[PDB]
């Protein structure tokens, strides 16, 4: 009966708001102010939210969605039918929540120590080393140490985690946890669509890889780089080799072009974490999008004073939104600040929907918003207007190369993480083979090799945040494809003509309008609709990303040919 379904979702909304807000508060308070007491308040709230999820989920499952007419109420009820972990029996729920905590804590407190010397944390110490050291042995110390200390220590938890996340999935009508995660896209063709998108980016990635490999051969020596092989995984300027832009200085196409180091300029001109978020906020409002409320500035944690990994927080009351980031003053982190502020923008845009529909059109959309703005921020024009820099085709290629080292290098990495996890969850990778299958994919997709042979008890996936924190990853792959589609469309709405990479949407109210109407849908409609509102068509497409990078593909092709490069590796 329609009226009874309608009433049921009104009640679910009122009560979810209250319970989720209380849970979010306790999760914040442990993420920022670890305390035995904040971790104890967190443990209580886990029990509260489970009980509410079990209560309304059991009620939701009594309705026959097949016979409901109103499509909103049908959709909401369908979501509430999925209890997630609250479907578990009590013992197993307890054990699962404790495993998640233990894994997340283990990762966040791990350190890598010199004997009779200092102990280094991932952020900022080890990331700095991976970004700035140009010495094979120093990079290897950090790369291997982080795996020895974080990765190996997550292993004891992972099999039971898999058992329990899968058990919950099956109790909610899925075959395993990857199935449940894939379901968030509501796209039966998802695996093949993504495969196709990846395949389209292979020429650009293989040409970037070959060019970077040649430059590493020049710096690290012929004895350490095989011009026909995979690249050692510790040399790309980043702990996971997921973005390569910190080795720009080793691969600059045209050295004779001046670029100012923005880090020096940011530091010397008195930039702070606070100032970095004010610039992000100011860009959103330039587009006519919403400012973050006064409360955001009061309650956010914008520096290390904790779980440091950058994250945006909805407190499910339509007024309180926060970022938690251990911000360092540099351009890499200004982009991370923009990313996080696009999550906040989304929260604010869909804040008046029912709480069950307060998500992105799909998870990739949530990830893409901030990155779209950052694309304009990162342009040489934009950096100059911020006083962080002082024409030529040589400048163009240099800029494209910088952008490519992040955006194109990330494509195979972002694709492979959940390829691994889907096969763990479906049972085709058992714990005996976790690590070998990870490295098979690191070779197949990224063309990387481990600098030190892996050994019994290694668990390199565990050294990447998203694995112990149980955060799906395919969202980031989708993000990097679709953010270029949004840029293309917003630039076209902004009246930009000429090379897409020269576009800066700063101050375009027209661009901000396309984004706002789509964000306002939250999760109320199939995501193709939001895709079409923004772009004029309903598909995920690598066309826009290829269009952005076309000058670089052509440059890289001619350069690799000149040196007789053999693209790929065995």
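Residue numbers count along the first chain shown, from 1.
The segment from residue 305 to residue 306 is interrupted, since 4 to 9 residues of the deposited sequence in that interval carry no coordinates.
According to the record, the deposited sequence contains 1 to 3 residues between residue 390 and residue 391 that were left without coordinates.
Of the two segments, 418 to 426 and 289 to 297, the one listed with the higher mean B-factor is 289 to 297 (C-alpha atoms only). Between 330 to 338 and 478 to 486, it is 330 to 338 that carries the larger average Cα temperature factor according to the deposited entry.
Which of 530, 68, 540, 545 has the largest Cα B-factor in the deposited entry comes down to 68. The maximum CA B-factor among the listed residues 444, 366, 218, 268, taken from the PDB record, is found at 268. Per the PDB record, residue ranking by Cα B-factor puts residue 355 in the highest third of the chain. Per-chain ranking of the deposited C-alpha B factor places residue 347 in the middle third.
Compared with the other modelled residues of the chain, the Cα B-factor recorded for residue 171 ranks in the middle third. Per-chain ranking of the deposited C-alpha B factor places residue 257 in the highest third. For residue 556, the recorded CA B-factor ranks within the lowest third of the chain. Only modelled residues enter the ranking.
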